[PDB]
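Structure first, then comments.
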Amino acid sequence: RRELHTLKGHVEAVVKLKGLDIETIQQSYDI
Amino acid sequence: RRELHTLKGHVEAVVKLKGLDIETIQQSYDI
Amino acid sequence: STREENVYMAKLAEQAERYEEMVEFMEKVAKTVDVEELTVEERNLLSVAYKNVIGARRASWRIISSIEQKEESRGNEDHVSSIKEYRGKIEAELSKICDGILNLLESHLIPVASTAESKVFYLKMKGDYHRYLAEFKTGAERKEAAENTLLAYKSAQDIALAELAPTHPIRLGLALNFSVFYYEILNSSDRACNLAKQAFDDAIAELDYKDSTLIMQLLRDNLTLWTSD
Amino acid sequence: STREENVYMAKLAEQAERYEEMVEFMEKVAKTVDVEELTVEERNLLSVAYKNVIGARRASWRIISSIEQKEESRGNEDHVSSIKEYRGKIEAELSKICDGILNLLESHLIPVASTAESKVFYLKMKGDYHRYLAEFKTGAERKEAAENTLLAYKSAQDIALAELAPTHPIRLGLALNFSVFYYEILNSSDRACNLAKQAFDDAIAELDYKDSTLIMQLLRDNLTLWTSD
Ligand SMILES: O=C(O)c1ccc(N2C(=O)c3[nH]nc(-c4ccccc4)c3[C@H]2c2ccc([N+](=O)[O-])cc2)cc1
Ligand SMILES: O=C(O)c1ccc(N2C(=O)c3[nH]nc(-c4ccccc4)c3[C@H]2c2ccc([N+](=O)[O-])cc2)cc1
């Protein structure tokens, strides 16, 4: 539900699914 | 991977996630 | 006289996941209605709409920007410049969407707010999209954002803490977004952590659902992340 | 002379998940190159690009159309008509994307195909987007599609069965899409089930990876679904 309701979740879902080896962006949970 | 690579998977992923009670559309797996 | 068709045409746009058009199916709702007391249904559709449109841009932004950093780390100016100009298009798009909702929120939505929770929602919403501007802006516009954000969030907080119960979704949601504003935009982790726990504790003593439960979990996750490195 | 920047600007558009622009970053690739032998990288980017753009439309289509059926089931003409006209916009969009790739595929891509697998891919691709048209069309255009599709797929099959090994990804992928074409468009489950098992069996005796493995599983899933009700 975190990747379904927050920007942080969707970003981390996309970045891991695309195999992009760039360093993890700092972000916090917000609605 | 089925909802990540096929139209059928993505359609069935979206339709279930939105709570839409309409009858399931007939479809087959294609790339 | 029948503005109910646009309510129906937006539910389709949401269902088909075409969000930019749902915004248009909701811009009409606020204007054709004129200046009426806007319902719970249409508000959430407007909320969901603009949030999803913006969300799609910010996601694009935060990815593009993070690719640009791994490129400045190698010093490839011919690569970075093309990334940045592409980001320029996204930043330009973002500006317009915010410069679309805010004065529409200003013109027909903030003035026509009756109940206690309605005023909090819209003011929180104002503070939100102002904060969304602060993410990418640099100049005098950036300072104006952080200022307009701080004023809008505090204006909402006063009504939220007093008029509404500690376990009310938006009172925590406001507190959650207010909490990120300090940490992300104002770079002061101190005042952020304090407001985060304070809104959490008061909601705990009240506990004694669904939407409220989820937001508390986001607060706790932020604290544990704001106390890591 | 440097068309490599558009290869780089499309990888960004993919990464940021802005697919309609990646198409444009790839339309330039085929044209600025002129008529050159197109690489494995740029082809897959063009494939992924147009497929993702179309995919987003077909998803919208199949949802909208399925809402329209639950509405004709109640006979609400005032509801159905607004759904249909919205579908009219999506169908119009779909037409243009197909009418964009196909003659571009015709002009610079099919004629400049050298190797055995290259000709199969592009012809399969032609058969694909022609089939994508057949999904929503009705008139003389619909018949022209099913015809152009059948001719393109069979033209590809002849090269695929002979020039390439039974376990080669596109030889099965073609067979998979060819198999759906019969069942979905031509309404004949018989010739569909036969081609499906035939391409499966020949790939099995060969077995003795990754991309090939996945497609076989889609074939088996279709058979078990085409023999249910
Ligand atoms: O940005 C989003 O993607 C989004 C938008 C609306 C919602 N909302 C709901 O799903 C929902 N259910 N009930 C309400 C609601 C409506 C009127 C008053 C109070 C709650 C909502 C909204 C919703 C929930 C929580 C917050 N909040 O405190 O940040 C705002 C909007 C959640 C997320
Ligand atoms: O429609 C899509 O979303 C899509 C697009 C491209 C791919 N492809 C890959 O991920 C991939 N990896 N290697 C290849 C490849 C490239 C040149 C020759 C053979 C394989 C691909 C393509 C891909 C895989 C399978 C098929 N197929 O047989 O339907 C087409 C394109 C998969 C799905």
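The chains in the structure tokens are called A, B, ... from first to last as shown; in each chain the residues are counted from 1, and the ligands are counted from 1 in the order shown.
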Check: What residues have any atom no more than 7 Å from ligand 2 when counting only C-alpha atoms and all ligand atoms, and can you list them as JSON, numbers by chain?
Finding: {"B": [5, 31], "D": [40, 44, 47, 48, 51, 52, 169, 170, 171, 172, 173, 174, 211]}
Notebook entry, point to check: What are the residues of chain D that have an atom within 10 Å of an atom of chain A, counting only C-alpha atoms, as an MDAnalysis selection string?
Noted result: chainID D and resid 14:17
Check: Counting only C-alpha atoms, which residues of chain D come no farther than 9 Å from chain C, as an MDAnalysis selection string?
Finding: chainID D and resid 5 8:9 12:13 15:18 56:57 59:64 67 79 82:83 86
Next item on the list: Select from stretch 9-183 of chain C everything DSSP, run on the backbone, classes as helix (DSSP H, G or I), then give the selection as a PyMOL selection string.
Entry: chain C and resi 9-15+19-32+40-72+77-108+116-134+140-163+169-183
Item checked: For residue C:45: contacts at 10 Å, only C-alpha atoms, fewer than 2 positions along chain excluded, given as a ChimeraX atom specification -> /C:7,10-11,14,22-23,25-26,40-43,47-51
Item checked: Residues near residue A:12, cut-off 9 Å, only C-alpha atoms, skip fewer than 3 positions along chain, as number ranges by chain -> A: 3, 7-9, 15-17, 24-25
Next, write the just-selected residues to a file, as a tab-separated table (two decimals), in the first residue's frame, keeping N, CA, C and O atoms as the atom set.
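What ended up in out.tsv:
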chain	number	residue	atom	x	y	z
A	3	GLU	N	3.61	1.77	-1.90
A	3	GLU	CA	3.89	2.09	-3.30
A	3	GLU	C	2.62	2.43	-4.08
A	3	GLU	O	2.67	2.74	-5.27
A	7	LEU	N	4.43	8.95	-2.79
A	7	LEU	CA	5.41	9.21	-3.85
A	7	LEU	C	6.69	8.41	-3.62
A	7	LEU	O	7.25	7.85	-4.56
A	8	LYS	N	7.12	8.35	-2.36
A	8	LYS	CA	8.33	7.62	-1.97
A	8	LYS	C	8.27	6.15	-2.38
A	8	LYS	O	9.24	5.60	-2.91
A	9	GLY	N	7.12	5.52	-2.15
A	9	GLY	CA	6.91	4.11	-2.49
A	9	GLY	C	6.93	3.84	-3.98
A	9	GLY	O	7.58	2.89	-4.43
A	15	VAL	N	12.31	2.60	-9.53
A	15	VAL	CA	13.78	2.62	-9.60
A	15	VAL	C	14.41	1.22	-9.44
A	15	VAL	O	15.47	0.95	-10.01
A	16	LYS	N	13.75	0.35	-8.67
A	16	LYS	CA	14.23	-1.01	-8.46
A	16	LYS	C	13.84	-1.93	-9.61
A	16	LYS	O	14.57	-2.86	-9.95
A	17	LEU	N	12.68	-1.65	-10.21
A	17	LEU	CA	12.13	-2.47	-11.29
A	17	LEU	C	12.85	-2.25	-12.63
A	17	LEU	O	12.79	-3.11	-13.52
A	24	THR	N	20.53	5.74	-4.24
A	24	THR	CA	19.18	5.98	-3.74
A	24	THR	C	18.95	7.44	-3.34
A	24	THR	O	19.72	8.01	-2.56
A	25	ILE	N	17.90	8.03	-3.90
A	25	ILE	CA	17.52	9.41	-3.61
A	25	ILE	C	16.88	9.53	-2.23
A	25	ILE	O	16.06	8.69	-1.84
